[PDB]
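Listed next as C-alpha cells is one chain, alone, in the form deposited in one PDB entry.
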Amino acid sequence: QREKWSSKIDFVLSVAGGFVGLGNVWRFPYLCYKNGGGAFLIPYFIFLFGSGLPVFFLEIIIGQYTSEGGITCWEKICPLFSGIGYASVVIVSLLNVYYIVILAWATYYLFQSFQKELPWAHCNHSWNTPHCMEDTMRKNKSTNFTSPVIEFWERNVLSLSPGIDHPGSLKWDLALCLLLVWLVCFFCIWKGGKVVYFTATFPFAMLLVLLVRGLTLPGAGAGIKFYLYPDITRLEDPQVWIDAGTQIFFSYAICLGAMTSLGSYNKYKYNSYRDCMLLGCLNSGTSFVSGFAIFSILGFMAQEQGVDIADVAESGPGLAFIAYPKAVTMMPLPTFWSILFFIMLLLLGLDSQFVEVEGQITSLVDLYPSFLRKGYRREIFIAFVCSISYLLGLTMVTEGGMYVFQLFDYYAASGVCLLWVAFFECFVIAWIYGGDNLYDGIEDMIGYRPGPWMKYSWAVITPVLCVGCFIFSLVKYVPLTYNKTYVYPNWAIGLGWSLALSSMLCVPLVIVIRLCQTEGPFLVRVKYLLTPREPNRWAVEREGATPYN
C-alpha cells in the first residue's frame, strides 16, 4: 500500500533538499574551523569515499527493496536487529529538537536586516561593550577588543550567559522566532510544481555569490591556504577523526531513518545507483565549495583585524553567523544581500527540516497505521509531535541555552550515537543478511549487478572505521568544551551521554525484548529472529519482482 513518486523527479528533488542544508553551509565550516582546517579534510574524504556514500546508497536500497519506512524495513531485513530502526527514530527526534533552533537564529537575523543599517556593522549600539571597536580601526593602535559582528552575535542574538548553570530567562524574540518556524513547518507538512524549482536553485545561486565575494576579497589567500593545507599532529588527534566521521553521517542524513523512508516510495525497478551517486557528489561538492566561501571570508577578517586566522571567530556553532554577516557588509547594498543570504539559509534549513520530520512522522505512523492514520488522528499526532519538539526545544532559547545547543550538537544526532547505528546497519546487511543476497536484490531492481565497491564498503571499511573511531575516542577522551574556554560541569556531560545512550541502547534493548518474547531454545529463537521474513513481499506481489533467495 506504499505510495510511489511521480516522474522520478520528485524523489531526486526531495533527496537533494533533504540532505543538503545547514549541515553543509553551517556545520561543516564550523567543524573544519574548530579542528584546524586542512587536517579536517583528510578524515572527511576517508569517511566520504569509504563510507557515507555506501551507507546512503544502502539506506536507499533498503527502503526501495523492502517498500517500508525507517522501522519496518529492519523488521523485514533482520527482525532481531529491528531495534536499529527504533534507534534511528530516536536520533531524528533529537535532531528535530535542536536543528530547527538554528533557523530561529536565522529568522532573528532576518528580522534584524529590515532596518536601513545592519545592526552588526557598528560598535555604537546599546548592547556593545566598551571593548567593542570597529575592525578597520582595530588593526591600528589587559588589552583586548571584540569585533562588532561577534558582539552582535553574543550580546544581542544569543544573550550568552556565564555558563549552562545559569539559563537566565527565556528570550522572547528567539522563542517567538522558533514558534513561527515550527508553525511554518507544521502547516507545510500537515497540509502540503514550478515553485519548488526555485527553492532548490536560489540557494546555489547565493552560494555562488558568496563564493565570488570571498574569492575576490583582498587577503583571501591566507584563508584558502588555512582551509587546504593539513596538519599531521592534528591528524594524530582522535577528535578530528570522530568529528569528520560524524559530519559525514550527519550531512548525508544517514542513521536517521529518513533516507530509507525517502527511498521507500521509489519504484522497485529504478536505477537508483546513478541517482544516489550524483546527488551524493552534489552534497559533497556543496560542502567542499562552501568551505572555500567561509574560509576566504575568515582570511579577510584575520587580515583586516590583525589577528590569527584561527582566533577571529567562534570555534563552536555560529561561525556561519559571524563570518557570512561580515562579508555581507562588504558588498554594495548590504541589506539586500543580507536578506537574500538569510532567506537562502532559511530555505536550506526548512527543506531539510520538512524532509526529516516527514520521515519521522511516516516511521511513527507505520507502527500503528490503523490508529495513528485512520480518521483524522494523523493531524493531531503531527501537531502533538511538533508541540512536544517545540517545548523541548525552548531550553536552547534561554540566555544560557546556547551551551545546551552544543550539548545537543556534539552528542545527540552526532558523535558515537551515529557510529553505533552505522556499525550495526552495515554489520547486519553485510554479515547477517549477506552482501551477495543484497547484490542480487540490487541486480533485480536497478537492472545490473554493481561493482565490488558497495560490498567491501559495507563489510570491511565502514565497520572498521566506526570501531576504530569509537576505540580512539574512548582511549583518548577530550571533554566537550564550548569555544575552547568553557568547561561543562559533570551533569552537562552526563546529559550528553544520556542523549547519546537513549538512541544507542535501543539496539540491544530490542534484541533482548525479541529474545525474551520468542520461545523455544535460545538457538532456535536466534535462528528464527535472524531469518528475513519476505523482505520484499509487497514488491513481489505488486510488481513483477523476483522472490528473495
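In case it trips you up, residue 1 is the first one in the sequence shown, and so on. Each form is matched to the other, and the largest set of C-alpha atoms that superpose within 1.5 Å is called the rigid core.
Just so it is clear, the following notes concern the form deposited in another entry, a form of the same protein that is not shown.
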Listing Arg234, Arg373, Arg213, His122 as candidates, which single one shows a C-alpha movement of 2 Å or greater between the shown form and the other one when the core is held fixed?
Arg373
My question is whether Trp172 is one of the residues whose C-alpha shifts by 2 Å or more between the shown form and the other one, given a fit on the rigid core.
no
Superpose on the rigid core, then tell me if the C-alpha of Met445 is displaced by 2 angstroms or more between the shown form and the other one.
yes
Cα separation of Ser14 and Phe202 in the other entry versus here, shift of 3 Å or more
closer
Sense of CA distance change between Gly415 and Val15 in the other entry, threshold 3 Å
farther
